[PDB]
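Visitor: One structure, as structure tokens, below. Some questions next.
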Amino acid sequence: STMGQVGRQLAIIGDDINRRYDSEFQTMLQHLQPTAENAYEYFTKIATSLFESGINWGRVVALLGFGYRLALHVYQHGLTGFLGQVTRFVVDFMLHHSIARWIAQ
Amino acid sequence: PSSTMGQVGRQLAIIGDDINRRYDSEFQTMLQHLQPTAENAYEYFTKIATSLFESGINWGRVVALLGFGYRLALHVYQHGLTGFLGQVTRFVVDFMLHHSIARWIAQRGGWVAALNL
């Protein structure tokens, strides 16, 4: 349609902005190393400094893009950690279960 | 510590200023080809947003829509403001030109006398 070309352009635009700065968010997160606790403190402290020097559309989208990469990094970080936390518990609890079973006899 | 946090805010400023200007030429062309207006504005954005997300949704497609909607809002804004400013100045100019003629007519002795002669 007359507006359909805009929808196709926004798709191309959106797909180019989607995965362009992936490498440059990668480096900022790997040089902070955050966690579910200290993720909130980090973003609020950066957003103040980023906007203390100026505010516009891109500085806002760059900040929200960082927070989305930060959120993905922090919560993927704990999902695999809880896998390592549950499987560790069953293995440790089991191992002590087999020992407690043979000592009582 | 605040060491990394000064640099990431300095990096986000460059990153943020790059996405302002990189796609900036690309939006102004789409607004040139819609030519939207106060009444048909929201309808355009709502119907484009549906079509844009009918084919897929992700982070980039969302910020691209909001970036377009903010530029769309400014474009209708900037145009309507100067349009109203242009109409205000036309009214005062018409009033003052009307007022000076009504004065000149009175200086010649009324409308029947000025126009009749």
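Ligands are numbered from 1 in the order shown, residues from 1 within each chain, and chains are lettered A, B, ... in the order they appear in the structure tokens.
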For chain B, which residues have at least one atom within 9 Å of chain A, if we go by only C-alpha atoms? Write them as a PyMOL selection string, please.

Guide: chain B and resi 1-2+4-21+23+26-27+30-31+33-34+44+47-53+55-65+67-68+70

Visitor: Work out how far CA of residue 95 in chain B is from CA of residue 38 in chain B, in Å to one decimal.

Guide: 27.9 Å

Visitor: Separation of CA of residue 102 in chain B and CA of residue 90 in chain B, in Å?

Guide: 18.0 Å

Visitor: Skip range 78-81 of chain A itself and residues of its chain fewer than 4 positions away, then list as a count of residues only all residues within 12 Å of it, counting only C-alpha atoms.

Guide: 12

Visitor: How many Å lie between CA of residue 73 in chain B and CA of residue 25 in chain B, rounded to one decimal?

Guide: 16.3 Å
